[PDB]
Each structure stands twice: as C-alpha cells, then as structure tokens.
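Protein chains in written order, with PDB author numbering: chain B, 708 to 780; chain B', 1 to 780; chain A, 101 to 350; chain A', 15 to 350. A prime marks a further copy of an entry chain. Even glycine gets a Cβ: it sits at the ideal position worked out from N, Cα and C. Inspection log for the structure reproduced underneath, given as structure tokens.
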Amino acid sequence: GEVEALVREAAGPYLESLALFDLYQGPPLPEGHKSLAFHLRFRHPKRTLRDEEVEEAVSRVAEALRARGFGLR
Amino acid sequence: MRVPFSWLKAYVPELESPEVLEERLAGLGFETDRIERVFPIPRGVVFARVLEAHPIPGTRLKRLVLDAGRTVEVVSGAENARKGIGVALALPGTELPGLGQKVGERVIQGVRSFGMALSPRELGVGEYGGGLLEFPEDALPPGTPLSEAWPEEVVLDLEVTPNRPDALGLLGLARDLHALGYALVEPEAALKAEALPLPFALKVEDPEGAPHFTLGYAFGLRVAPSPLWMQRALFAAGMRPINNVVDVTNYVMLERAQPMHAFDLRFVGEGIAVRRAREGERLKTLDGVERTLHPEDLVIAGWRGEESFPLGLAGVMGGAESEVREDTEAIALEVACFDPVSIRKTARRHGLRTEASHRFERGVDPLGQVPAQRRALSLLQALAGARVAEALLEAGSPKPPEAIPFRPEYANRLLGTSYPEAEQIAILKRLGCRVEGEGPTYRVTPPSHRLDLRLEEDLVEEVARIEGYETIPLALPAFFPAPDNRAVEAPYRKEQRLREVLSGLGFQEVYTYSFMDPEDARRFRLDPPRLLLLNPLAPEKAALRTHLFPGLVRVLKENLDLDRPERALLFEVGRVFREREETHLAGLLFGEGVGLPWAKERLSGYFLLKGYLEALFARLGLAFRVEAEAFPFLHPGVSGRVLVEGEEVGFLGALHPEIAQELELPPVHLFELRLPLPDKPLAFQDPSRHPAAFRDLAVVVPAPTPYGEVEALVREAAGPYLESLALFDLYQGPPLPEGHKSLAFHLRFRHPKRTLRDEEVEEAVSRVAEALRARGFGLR
Amino acid sequence: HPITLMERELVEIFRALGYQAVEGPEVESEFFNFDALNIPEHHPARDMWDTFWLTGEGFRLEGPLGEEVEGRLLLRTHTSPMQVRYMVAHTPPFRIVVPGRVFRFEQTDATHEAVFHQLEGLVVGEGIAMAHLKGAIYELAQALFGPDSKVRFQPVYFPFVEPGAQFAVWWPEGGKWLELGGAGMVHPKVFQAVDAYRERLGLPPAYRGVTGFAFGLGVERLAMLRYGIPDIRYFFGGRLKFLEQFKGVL
Amino acid sequence: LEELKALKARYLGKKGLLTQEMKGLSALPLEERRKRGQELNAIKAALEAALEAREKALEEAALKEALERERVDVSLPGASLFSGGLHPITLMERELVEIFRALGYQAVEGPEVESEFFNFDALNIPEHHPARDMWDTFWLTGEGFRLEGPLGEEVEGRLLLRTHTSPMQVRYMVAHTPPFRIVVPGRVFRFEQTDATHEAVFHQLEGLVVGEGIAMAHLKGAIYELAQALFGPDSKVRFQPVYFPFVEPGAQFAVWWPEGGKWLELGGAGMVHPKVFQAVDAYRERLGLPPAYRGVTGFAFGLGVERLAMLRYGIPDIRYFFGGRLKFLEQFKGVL
RNA sequence: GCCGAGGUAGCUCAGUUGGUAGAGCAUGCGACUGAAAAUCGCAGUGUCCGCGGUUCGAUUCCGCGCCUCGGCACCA
Ligand SMILES: Nc1ncnc2c1ncn2[C@@H]1O[C@H](COP(=O)(O)OC[C@@H](N)Cc2ccccc2)[C@@H](O)[C@H]1O
Ligand SMILES: Nc1ncnc2c1ncn2[C@@H]1O[C@H](COP(=O)(O)OC[C@@H](N)Cc2ccccc2)[C@@H](O)[C@H]1O
Ligand SMILES: [Mg+2]
C-alpha cells in the first residue's frame with residue numbers, strides 16, 4: 708500500500724495507469740527484502756510525449772523512492 | 001426563410017421589436033434559427049448621380065463624372081456603369097465592411113479617382129460584386145448620406161414547416177401575428193386599368209400540371225432600377241434587385257408566397273402555351289445554364305404560327321431569353337398554381353432549387369392568383385409607369401375550400417382546456433375563416449390559402465396556438481388499462497435483467513453499428529447478408545449484420561490499437577438480421593486472464609469463459625452445456641454449440657487461428673446465443689434433512705471421448721436418489737492404457753424421508769458400473 | 101453502456117407514471133414507418149427522416165399479429181411505427197413507452213449520428229387531453245432535473261399528431277432550455293389507419309371513440325447532456341476507456 | 015525463423031543499395047538503360063519472391079502447429095466462478111415494490127427499533143389498550159442507544175421492536191407534505207410461537223396514499239391492481255370490514271388466486287384515521303412545522319410479504335426464509 | 001449534387017534543394033533478470049484510399065470513382 712501510494716504520487720500527472728505485475732522476494736536481493744515491479748503508463752491529452760519528459764518523471768519517482776528509503780533494481 | 005423585420009412591420013405596423021417578434025412567431029409555430037443587423041453603411045457613402053461615363057482609352061475602365069453634391073470623378077471597370085443611374089459613392093476616408101481597408105483618393109489609369117462607386121459586396125448589402133448598385137437616378141439629392149435612406153435592418157431566420165406554405169409569404173406570416181391581436185395592413189393594389197384586348201392568347205395543354213393558370217398584360221413599360229425601399233427589402237430577404245419589373249415580381253412572391261414571372265412579349269409570339277417539354281427540346285434558363293428537357297418537364301412555351309419554343313421552366317425558373325430588360329415595353333405576367341409533384345420532380349431532375357419551385361413544391365394558394373395579379377400589375381403601374389390591361393387570361397376553375405364541422409366543445413375536450421366558445425369563434429374568424437354556425441357544431445370553412453386546415457382537429461390546433469400552448473393546463477390521466485395490456489412488458493424486463501446480470505459477473509456492455517462489411521462475410525467465414533442497402537453510408541457499412549461477434553472482435557482490434565488493453569471480457573446485445581430479425585447476446589474474452597497481479601499462475605482461456613457462462617446461466621437457473629460442433633469461424637480444436645435448457649441456441653469456442661492472423665489479432669474466445677433464452681418455471685422442492693451418502697469413483701475412458709457423454713451416462717444410471725455429481729479430476733497418465741484418461745467423479749446420494757443403507761448405494765454405484773461396461777468404459 | 105443507463109432511467113421514470121415498456125423491430129415496412137403514420141409518397145413532410153432503403157429476398161418481416169407484412173423494406177427512421185403496431189395488437193386504455201435504435205441518413209458530427217436511439221410514449225384512451233401530454237413531460241422534467249424544473253411546448257408539425265408540438269425541459273443546474281422531442285395528440289388518420297388495418301385482419305375496430313397523445317425523444321442527446329459526453333459519436337465508438345467511465349452510475 | 019528473414023530487408027537493402035543510391039546519385043539518373051533496371055528488376059524480383067515466400071511459409075507453419083496442437087474437450091467443466099442469488103423475501107419485495115411503483119408509489123424504509131410513540135400512540139393504541147393485543151410487543155432495554163425520529167431529532171419513549179411497519183406512516187408524514195404515495199417494506203418482529211405459517215420475525219409492506227380527494231374507492235383500486243399484476247386479468251379482490259385503531263373504515267382484504275381457486279387473505283387496509291392525522295400535525299407543531307394534514311384524507315394498507323411469497327414461490331413452511339439453508343436459497347437463483 | 005482542401009508503419013502525424021517512404025514510443029530477439037525495465041543494434045508489420053501509369057525502393061502527376069471537412073442548397 709505505502710509503496711504504490713508513493714510511486715503513483717510522485718509518478719506525475721501524465722501518469723495514466725500503474726499496476727503490479729509481480730512481487731519478488733528472492734536471491735539477488737538483500738536480507739528481508741522484496742521487489743515490486745510496476746507496469747507504469749503515461750499519456751498526454753493533446754500530443755504525444757518525448758521520453759525526455761517521462762524520464763524527468765520516471766526519475767522523480769526514483770528520487771522520492773530514495774528520499775524515503777527504497778531501492779530501485 | 002429570411003424575414004426582414006421592417007418589411008413585416010409594414011403589414012404588421014405595431015410589432016414591438018425583433019425580439020418580441022421571435023417570441024411571437026415562436027408560440028405561433030415558427031422558431032428563429034438566428035437574428036441579425038444588416039446594413040451598416042458609413043457616413044462616407046453617399047448617393048451620387050452618374051452625369052457621364054467616359055471610357056478610358058486603352059483600358060477597360062471608365063471615368064465616371066458624378067454629381068455627388070459637388071462634382072467628382074471616379075474610375076470603374078463595372079460593366080453596368082453607365083450614364084443616368086444613381087450609385088453608392090464611397091468617399092475617400094470611408095471604412096467599408098466588405099473590403100476593410102480605408103477607401104481614398106487614388107490615381108488610376110490617369111484619373112484622380114475620388115473614392116469609388118460600391119457594389120453589392122462592397123457595401124455589405126449582398127454577396128454580388130459583379131456591378132455597382134443601380135439606384136433610381138433621382139433617388140435622393142446628390143450627396144445625401146445613403147444610410148439616411150437605407151437604415152440598418154434586422155432579419156429573422158424562420159423555420160417554416162411544410163404545413164405552412166402560406167407562410168412562405170410575409171403577408172401570410174403577418175396574418176398569423178394578426179390573430180394574436182396585431183393590426184394587419186394589406187396593401188391595396190391600386191390599379192387604373194384600361195378595357196382593351198390582350199395581344200396574345202393562352203393555351204394550357206396540360207391542365208393537370210397547371211390546375212390554375214393566369215396571365216397578365218402590362219404595356220408601355222419604362223424599365224429602370226427599383227426605388228431604394230424595394231432594393232433594400234429584396235436584399236434583406238436574401239435576394240438581389242435587378243430592375244423595375246423583375247423586382248416587383250420577386251417582391252410580390254415573397255410577400256404573398258406566389259411566384260410570378262414577367263415574360264417579354266417580343267418573345268411570347270402569338271400566345272403562351274403551357275405544355276410538357278418535347279423529349280428533346282432545349283432551353284437556356286436565367287442562370288445562363290443551357291439545358292436539355294425531359295419530356296416530363298412542364299414548360300411555359302410560346303408559339304409562332306406553326307412553331308413552338310420554350311420560354312421558361314414552369315414553376316421553377318424563367319428562360320434567359322425572354323427575361324425583361326431595359327428595352328422592354330410590354331410583358332405577359334405568369335401567375336399560376338402548378339402541380340406540386342411535377343415541380344418537385346423537375347426541380348430535382350435538373351438539380352435546381354429556386355424560391356419559385358420551393359414554394360410551388362410546398363404549396364400555393366389555389367385561389368390566390370388573381371389577387372396576386374393585381375398586386376403586381378398595380379405596382380408595375382406605380383414603379384414602371386406601366387399601363388395595365390383590365391382583363392386577365394384564366395385557365396382553370398379551382399373549387400374553394402369546403403366546410404369543417406367545428407365544435408368548440410371538443411376543442412376544449414381534446415385540449416384539456418376550457419376556452420369559452422366566444423374566444424374560439426373569434427380567433428378562427430381572425431385567421432380568415434367563415435364560421436357559419438349556430439352551435440354546438442359549427443360549419444367552419446377556412447381561407448383558400450390554409451392548405452393545412454381540412455379537419456376539425458386542424459381547427460382545434462388553431463385555437464391552442466393562437467390561445468397559447470402555455471395556456472393548456474397540466475394534468476395526469478387515471479384509468480385501468482384494458483386487459484390485453486397486462487404484463488406486455490415482460491419481454492422487456494426480461495432482457496434488461498439479463499444485461500444487468502451480465503454486467504454483474506464482469507462483462508462490459510458494448511453497442512455496435514447494425515451495419516456490416518460485405519467483405520467480413522468472407523473475412524470471418526459467414527454467409528453473405530440477405531438484407532443489403534441501396535444507399536450505404538460507405539461500402540464498409542453496405543449490409544446489415546448477421547452476427548454480433550464480427551463487430552465485438554473488431555472493436556477489440558480497434559481497442560488494442562488505440563490503447564493496449566492487457567485483457568478484456570466483453571458482451572453485446574443487439575438485433576441481427578437474416579431471414580428474420582432476431583436478438584442476440586454476444587461475448588468475448590481475451591488477454592492474460594484471471595489470477596494474481598503477481599504470481600504468474602493465471603486462470604484463463606476457453607474454460608475461463610465457459611467458466612463465467614456456466615456461472616451465468618447458473619444465476620439464471622438454466623441448464624447449460626457445450627457439445628463440440630463445427631463452426632467455420634472457430635478453432636476446430638475448440639468449437640462447440642451451446643445448449644440452454646437442452647435446446648441448442650448458439651456456440652462457444654475460440655476464434656479460428658487463420659482469422660486472428662488476418663486481423664493481426666492474438667488468440668480470442670467468444671460465444672453468441674440467441675434471445676430470448678429458455679424459460680424454466682420454478683418448482684420448489686424441500687431438501688431432505690437426512691445425510692447424503694456420497695462416494696468417489698474414477699472411470700478410465702478413451703482419450704477421444706468427451707466428458708459430456710461420460711457424465712450423461714453416469715448421472716443417468718446413477719439412480720434417482722443421486723443428489724450431486726461433480727468431476728474433481730481428469731487424469732491421462734501412466735497406470736492407464738494407451739490413449740486413455742480417467743474421470744474421477746464425486747457422487748452423492750440422498751433420500752427424502754430417511755437415511756439410506758450402503759446396500760442401496762452399491763445397488764446403484766453398481767448400476768453405474770454395469771452401464772459403464774455395457775457401453776465400453778472401465779472403472780479403476 | 102451509457103445508452104442503457106439512460107434508457108433504463110427514462111423507462112423507470114415513465115414506469116412510475118403507469119407506462120409499459122415494449123420494443124419493436126429495427127427493419128420496418130414503408131407501411132408502418134410512413135403510410136400508417138400519414139406520410140404518403142413524394143410527401144414534402146417525408147423529408148425530416150432520410151430513409152435507409154433495404155433489399156433482401158428470403159427475408160421474412162412480420163407484422164403485429166405475427167402475420168407477414170408486405171411493403172418496401174427499410175430501417176425505421178423513428179420509433180413511432182411502434183405506435184401503429186402496438187395498437188393493432190392491443191385495445192385501449194393503455195400507456196406505452198417503446199425505446200429503440202433508429203437509423204437515419206445524415207452526415208454525422210458532434211451532436212448527430214446516423215444510428216441513434218429514441219423513446220416513444222403513447223397514451224390512448226377516451227378522455228385523454230393535451231393537458232395529459234403536458235403533464236407527462238412536466239413529470240419527465242421533474243424526475244430529471246428536480247422540482248426547480250419546467251417544460252416548454254411550442255407548436256410544430258408532424259403528419260401523425262394534430263395539435264403538434266416540440267418540447268423543451270428547463271435545466272436549472274445549467275440555466276438552459278434543452279429541446280428534447282416532438283409530441284402532440286394522436287392524429288385522426290392514425291387511428292383510422294390502425295382500425296382500418298385491423299379489419300383487414302378481421303379484428304373489430306377499437307380506436308373509434310378514443311383520443312390520445314404520443315411523444316418521442318432523443319436518448320443520446322438527453323444522455324449526452326445528462327452524462328456530459330461532449331460528442332455523440334462516442335456511444336457507438338467502442339472505446340473501453342470511454343465506456344468503463346460509466347461503471348457505477350448506480 | 016523468418017524473424018531474421020525479415021530483418022534481411024536491410025541486409026539486402028542497404029547492402030544492395032551500395033550499388034545505386036550509394037554510387038554517385040547526382041549522376042545516376044543520367045545512367046538508366048541497363049544497370050538501374052538491374053535493380054529495378056532485382057528490387058522487385060527479390061522483394062516479392064522473398065518477403066512473401068517466408069511469410070506464407072510460416073503463415074502455414076505457425077497456423078499449422080495450432081490447428082493440430084490445440085484440441086480441447088469443449089464439453090469439459092470450466093473455471094468455477096461463483097454464482098450469486100437473492101433471498102426469496104427480496105425477490106418478492108422487489109416485485110411488490112415494482113408493482114406499486116407502476117402506480118406511482120415511492121419506496122421508503124424506516125427503523126426496526128421503534129419508540130412506543132410511533133408504534134402505538136401516534137397510531138391510536140393507548141395503554142392497556144384492548145386492541146393493543148394483536149401485536150405481541152418485544153420490549154427493549156438499552157442505555158447509550160440513540161433512537162432518532164423523523165426530523166433527525168432524538169425521539170423519546172420506551173424502546174421496542176416495531177410490531178408492524180405502520181409506524182412509517184407517522185414518520186413519513188411529519189417529514190413530507192401531501193399529496194404522495196408511499197410503500198414502505200420492512201422486517202417486523204412479534205412475540206408468538208412459530209409454526210408452518212407463522213414467524214416471530216417477518217416482513218410487511220405498508221402503502222400510504224394521503225391527499226385531498228382520496229377515497230376508499232382508491233384503496234380498493236390499488237388492491238385490485240395488486241391483484242391483477244400478481245394473478246392476471248382473471249383475478250379479483252375481496253374487502254370485508256375489520257378493526258384497526260388507525261383506520262376508520264377499516265378493512266381486511268383477500269385476492270382471488272385463479273391458478274389455485276382459493277381466496278388468500280393478504281393484509282389490512284382502510285382510510286387513515288382522523289386521530290393519526292391529528293397526531294402527525296400535532297407532532298409537527300412540537301417541532302415547529304406548520305400543520306399539513308388538516309384538509310386531506312388518505313388510505314393505508316399493509317401486507318405480509320412471506321405469506322405472499324410462500325404462496326407465490328410454493329414454500330410450504332415459513333420458517334425456511336430465515337433458516338439459512340443454502341440448498342433452499344439456491345433454489346431461487348433465477349426468478350428473473 | 002457547385003468552388004476548394006486532406007486522406008502515408010500498433011498509434012499521433014510533418015512532409016517535399018528526394019535518398020527520408022519516415023520522426024515521437026510502441027513493436028520484433030540477445031544478452032544485463034529469477035521474471036522485467038532505463039540499454040547498445042540488428043530491423044520494418046505499411047498495398048502512402050481502389051482500379052491503371054509514373055524513378056534504380058513512387059507519396060507526389062496524371063485519370064474517374066471512394067473515407068474526411070468548410071461553405072452552399074436545406075433544416076436534424
Ligand atoms: N441524428 C440524431 N442524433 C441524436 N438525436 C437525434 C437525431 N435525430 C433526431 N434526434 C432526436 O430525436 C427527437 C425526435 O425525432 P424527430 O424526427 O424530430 O421527431 C420524430 C417523431 N417520431 C417523434 C414524435 C412522436 C410522437 C409525436 C410527435 C413526435 C429529437 O427531438 C432529437 O432530440
Ligand atoms: N407471524 C406472521 N408471519 C407471516 N405473516 C404474518 C405474521 N403476522 C402477520 N402477518 C401478515 O401481516 C399482515 C398484516 O398484519 P396485521 O397485524 O394483521 O395488520 C397490521 C397493520 N399494521 C396493517 C395495516 C396497515 C394500514 C391499514 C390497515 C392495516 C397480515 O394480513 C398477515 O398476512
Ligand atoms: Mg395544422
């Protein structure tokens with residue numbers, strides 16, 4: 708709950724969907740940890756968007772994901 | 001229809017304002033699409049008098065010397081620019097709407113042009129721009145501002161329904177505003193006729209097309225431009241002035257919705273002959289258009305000796321040749337009532353739509369001709385100083401309208417109103433009816449022009465409107481419906497519930513055009529449509545759908561292309577066509593499936609759908625099972641029919657791979673039943689309170705056999721005391737023969753009154769093993 | 101579908117006034133769509149509807165009494181033909197509303213379609229007045245826009261209702277008059293065409309001593325204004341992103 | 015395999031292109047005879063042969079695996095999604111409500127825990143009331159419980175479980191103003207030993223139509239309509255005098271059941287009593303609302319749902335509804 | 001049934017001193033993962049409306065008829 712709440716939040720307005728296509732608590736990950744893989748989706752009303760915009764967002768999501776205390780495989 | 005406020009206000013003097021008029025015409029039965037101010041003419045435009053028009057050598061231009069108070073010159077390339085006419089002179093420093101940049105002194109081909117003489121487009125009074133306006137040379141004192149004699153006008157745009165052709169004439173429209181209590185002013189055509197013979201003869205040869213045909217005779221004509229009030233009026237109504245004569249014809253037409261046309265006698269020959277065009281005959285109408293004539297066209301012809309030539313496309317548009325011009329002195333005035341159908345046909349046959357045909361199609365006063373002839377003849381005498389003859393030339397004797405039995409008692413019964421008899425009779429009489437009655441049921445005979453009044457219900461309408469629909473009170477009827485109306489809405493509540501139920505489980509409803517692409521007939525392997533179209537919006541939408549899935553599927557492709565739905569469960573209820581119209585229900589599953597957003601383990605495909613579907617009829621309490629059947633549009637591997645309550649009604653499977661491949665689509669599943677679904681009456685049945693003896697038992701069966709036949713057999717011989725059944729597992733493995741599989745059923749027996757002994761169940765569990773052998777199945 | 105959410109509500113609204121909900125066929129005969137409704141050939145007034153003509157041999161169109169009805173096949177240009185059908189089938193008094201998809205030939209735009217839905221309302225019976233017609237709309241109005249709503253009737257023409265009318269409902273929460281549909285007292289010749297058809301089928305006349313009102317409204321337009329859908333071409337569009345929006349309108 | 019056989023489009027493209035559009039293109043058009051045609055040829059001779067061949071090749075390679083592989087026993091049980099259902103009491107109630115809805119009635123509900131004021135007093139059933147014995151009142155006890163009256167105000171009095179839905183008559187009238195038509199379904203509780211046609215907890219259906227000009231003829235018309243809708247045109251109603259302290263001209267009614275040739279006794283009815291109108295308006299003053307039921311008259315009726323249901327769905331014993339048996343319930347999955 | 005404009009890759013679409021039939025997410029194998037993603041080459045499902053022409057891959061001259069639009073004439 709807290710994870711998504713945060714991702715969607717800072718994910719930006721242009722964020723259409725979200726989704727959780729898998730939860731992994733395995734080997735290549737620290738002790739007592741788990742990874743949540745989200746399938747995001749952005750979209751603009753009037754025109755298409757450039758990946759330079761999405762990054763400036765996909766990033767904003769990674770920054771708060773750090774300021775808080777989460778990683779990003 | 002364009003309605004120039006002031007033009008109307010001439011017949012209806014006391015009108016409040018363009019606003020109120022729209023409110024008034026509203027309640028009368030005509031709504032205005034728009035209202036607009038029209039002739040903003042700057043102080044810079046004055047009336048001027050063309051003293052002389054001098055052709056600029058070497059050019060195609062002219063140096064005009066105009067009396068614009070003082071004398072000035074102007075250069076103009078307008079053909080119609082000549083000596084002796086008036087013009088709208090835009091002085092240097094004038095802001096024109098039609099050409100926005102400021103007019104000024106400009107030198108052209110050697111002459112200091114002092115401003116310019118405007119044209120219909122340039123002044124903003126009409127779209128025409130191929131000549132200057134042509135005012136009566138003495139119109140106003142040279143130099144006076146034009147507005148001073150051409151005030152801003154307000155035009156309403158009125159919708160005139162087919163039941164009011166009398167309304168395609170402002171004097172007619174006016175007659176309605178009158179009934180509301182507005183003073184009416186009808187023009188009094190003031191003729192000064194002369195008893196003399198007419199230089200031509202009439203010879204109507206198709207009285208069927210020209211039920212009533214009259215010709216007028218005005219001579220010694222002095223053709224010149226119309227006065228400003230005329231030109232101003234015509235323009236506000238969407239028409240462009242052309243002169244004396246021609247203008248009065250158009251004016252009258254608009255006034256009393258009676259098209260007329262002045263033929264120049266030089267061309268009329270001996271007389272006018274109203275006949276049908278001789279299959280072949282050619283005619284060049286006013287629009288400059290040279291046309292051929294279909295032998296069905298009603299023509300206005302002239303004959304000379306033993307000759308006969310066309311002069312105008314009767315009721316539609318006059319001929320180019322005989323139109324009156326400046327050098328004409330005598331005319332033959334056409335004022336007739338033409339067969340509405342003939343005009344309609346012809347008008348369209350030649351793709352023509354005139355103010356003339358439009359009215360003759362909708363309907364002309366069957367007896368308004370002659371009064372019209374005098375109005376025109378009068379006016380011609382006053383503006384063209386014509387010398388109108390005294391006798392007309394009639395052809396046809398229409399019968400005045402018959403009486404209509406009118407009971408103001410019924411009017412009030414049918415309306416739910418209680419208008420006093422008096423108000424009713426009064427109104428009716430204002431609309432021009434003759435109420436020869438004593439009471440209670442009067443003999444109301446309407447005006448020749450009301451074509452929309454034949455019935456007593458027509459009349460009652462006239463009260464409601466003139467009295468105001470807003471005066472009809474609100475009420476609610478109370479009654480017990482006739483018995484054959486009870487439960488008529490079952491069929492409806494049934495299907496509705498259905499949808500509602502589907503929407504329950506998880507289906508998303510979808511509506512899809514009833515149209516079908518003839519190609520999809522092949523593209524999805526279906527039989528071609530039986531009902532096609534004679535006017536498809538597009539060949540793609542050329543036929544009528546014979547199935548609901550072709551569409552359900554297409555809306556899928558279209559989805560996955562605009563957005564990429566990871567999955568989708570859809571349904572549609574619609575009318576299909578084929579031999580008979582029939583309602584169908586269609587479904588569609590597609591995508592990953594149902595499971596856990598994470599854990600890869602998904603639940604889907606064919607059995608997911610059959611999942612919902614079984615769950616579905618489960619809800620409806622209806623028998624459901626599938627039995628493999630070949631369907632040209634489903635994977636042969638996954639395709640069967642659907643059986644509701646035992647009767648077959650559709651199919652369930654996956655779209656044929658070959659197909660998905662063409663529409664470039666992934667795998668997909670669907671079904672399409674036919675409505676209404678079977679109706680099982682419910683029979684309650686107390687369930688026994690005594691424990692259900694239940695036992696398991698596998699059944700080794702050959703791989704090709706369908707679970708359907710197995711169960712059908714087990715349940716059958718399983719005995720009556722059999723409560724449940726169930727299939728808790730299907731095994732095709734090692735400890736079993738070649739090409740075989742075992743079906744393990746979880747049976748359950750139960751007795752109503754008392755418990756049962758295993759000696760009874762065995763005598764049953766056995767009966768199941770015996771037929772399971774007599775047939776050809778094992779029993780692990 | 102939004103068309104259904106609306107239809108349902110409209111039907112529930114008239115249901116509460118005692119109306120019955122019955123449907124008719126989409127592929128009609130020129131007899132029920134025009135003739136029995138007083139719209140003869142080359143009819144000047146036969147041009148508000150731009151008829152879709154059909155062609156199909158082996159197709160069995162069937163009239164009210166399940167009999168085979170003849171005539172030039174087509175797609176109904178309004179639901180009004182259900183007025184003629186339901187009357188040869190039942191006897192008065194009765195109140196019916198018949199929803200349905202209708203087809204017209206006109207270029208589409210933001211507030212126009214070639215395939216759309218209407219809603220007929222037919223109340224026949226001795227003693228029925230236009231006051232009753234006005235009461236219905238007044239009720240349709242209230243239920244849809246609350247007590248602060250009001251209706252507006254203005255004369256208009258239809259060959260099948262003599263005292264014809266067009267009506268508008270006052271939309272408070274938007275301060276604007278919306279033009280919903282046509283209406284009026286059933287025309288004398290429709291009653292005549294009905295009973296007349298019945299004889300042909302050996303049924304006694306039944307609409308000789310009665311009167312009655314009909315009304316027909318555009319569903320989509322009401323829906324549009326009601327659900328805020330800006331463009332009318334969305335309903336039949338097919339977009340799941342559009343549809344799903346209405347999951348929950350009750 | 016063609017995945018590459020496709021990419022070869024540039025493998026053959028650019029590569030072959032390094033022959034024409036890569037060898038002096040500002041002069042190539044001045045060389046057109048043979049060489050250009052060599053490609054004009056190969057460019058066509060290859061694109062069509064190649065690109066399509068590989069396609070149709072797999073178009074018949076992939077589409078082939080499926081056709082053969084994918085073979086299911088269609089008639090095999092599928093996913094086991096659940097299939098809901100509705101209680102019989104609801105199926106009925108709904109139909110009753112839909113029946114009265116069509117007559118212009120409004121469906122509103124009231125509370126199950128009433129006050130002695132709305133259940134008896136305002137209905138004209140004072141203390142030690144001889145006529146207060148058709149209902150065997152369930153008395154309650156609870157401090158901290160906040161029962162609230164019509165105008166959301168705190169209503170006082172001895173708490174209890176309503177012995178009929180009629181108290182919704184008193185509540186709805188202090189809230190709204192006439193004319194109106196209401197039917198208020200609801201679960202009621204009485205103290206009586208249960209049996210085949212009796213419960214301690216059952217459902218009724220009130221019908222209240224107040225308004226100036228309302229007559230018993232209107233009350234009779236309703237039931238006549240309730241009758242038809244439930245048993246077809248061949249149905250008929252029967253009204254016989256009976257007593258209730260809250261309706262003066264009281265009545266009990268029965269509907270004729272054709273498909274069973276028997277008179278069923280449905281409920282009570284009658285014209286609202288003068289003192290109920292008095293108790294209502296009277297209560298309103300207390301709440302500072304102007305009187306509203308001074309110049310009107312009106313009728314009420316109340317029927318037993320279950321009994322109608324029973325006869326309607328064939329359930330022999332009334333104790334089944336609240337029983338809980340899934341084998342019983344599931345039986346009605348489909349009554350529409 | 002007239003003037004005039006557009007109709008091209010799961011989609012949004014510019015375009016024209018032409019090597020660009022493509023750009024912007026999006027999409028197809030290796031391989032970084034357990035399973036993905038931000039990635040580096042390697043590539044084009046495209047009849048650039050349909051029937052016929054057009055250069056060495058054509059969209060565009062060019063022909064007529066079709067999906068789209070404004071105005072126009074009607075009047076939903
Ligand atoms: N293309 C379109 N898209 C959406 N709504 C449309 C439509 N064409 C018409 N409508 C709606 O259909 C309504 C009625 O259709 P119309 O053709 O104007 O009258 C049709 C008559 N059949 C209605 C009527 C019945 C009984 C008595 C009087 C009148 C209109 O008020 C309008 O809101
Ligand atoms: N234990 C029980 N189980 C099932 N149905 C029961 C029942 N006790 C009563 N009923 C049903 O409840 C119906 C009415 O309840 P009863 O107590 O008789 O009258 C009760 C009043 N409140 C009804 C009424 C309202 C308005 C005007 C007049 C009368 C009966 O006709 C009966 O069919
Ligand atoms: Mg009329």
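Show which residues of chain B' have a CB atom less than 8 Å away from the CB atom of residue i.
i	result
residue 154 (chain A)	531, 532, 533, 534, 544
residue 287 (chain A)	457
Going by DSSP, what residues sit across from residue i in a beta bridge?
i	result
residue 196 (chain A')	A':120, A':222
residue 502 (chain B')	None; residue 502 (chain B') has no bridge partner.
residue 365 (chain B')	Its beta-bridge partners do not exist; DSSP assigns none.
residue 442 (chain B')	B':406
Give the interface partners of residue i over in chain B', defined as CB-CB distance under 9 Å, in chain order.
i	result
residue 192 (chain A')	Simply none; closest approach about 15 Å.
residue 234 (chain A')	The premise fails here: residue 234 (chain A') is roughly 12 Å from chain B' at the closest Cβ pair, so nothing lies under 9 Å.
Run down chain A' in chain order and give the residues with a C-beta less than 9 Å from the C-beta of residue i.
i	result
residue 727 (chain B')	90, 91
Below 8 Å on C-beta distance, what does residue i contact in chain A'?
i	result
residue 118 (chain A)	116, 117, 118
residue 635 (chain B')	80, 81, 84
Look at residue i and residue j and say whether their C-beta atoms are less than 7 Å apart.
i	j	result
residue 154 (chain B')	residue 37 (chain B')	yes
residue 281 (chain A)	residue 316 (chain A)	yes
residue 198 (chain A')	residue 177 (chain A')	no
residue 244 (chain B')	residue 426 (chain B')	no
residue 446 (chain B')	residue 455 (chain B')	no
residue 603 (chain B')	residue 591 (chain B')	no
residue 331 (chain B')	residue 263 (chain B')	yes
residue 145 (chain B')	residue 43 (chain B')	yes
residue 336 (chain A)	residue 612 (chain B')	no
residue 331 (chain A')	residue 145 (chain A')	no
residue 89 (chain A')	residue 765 (chain B')	no
residue 285 (chain A)	residue 261 (chain A)	yes
residue 31 (chain B')	residue 159 (chain B')	yes
residue 95 (chain A')	residue 658 (chain B')	no
Using the beta-carbon of each residue, which ones in chain B' are nearer than 7 Å to residue i?
i	result
residue 265 (chain A)	469
residue 121 (chain A)	489, 492
What residues in the segment 91-103 of chain A' have a beta carbon less than 8 Å from any beta carbon of chain B'?
Residues 91, 92, 93, 94, 95, 96, 97, 98, 99.
Using a Cβ-Cβ cut-off of less than 7 Å, list which residues of the segment 588-604 of chain B' approach chain A'; keep chain order.
The residues in question are 603.
Taking a cut of 7 Å between CB atoms, which residues from the segment 240-262 of chain A lie near chain B'?
Correct list: 253, 254, 255, 256, 257, 262.
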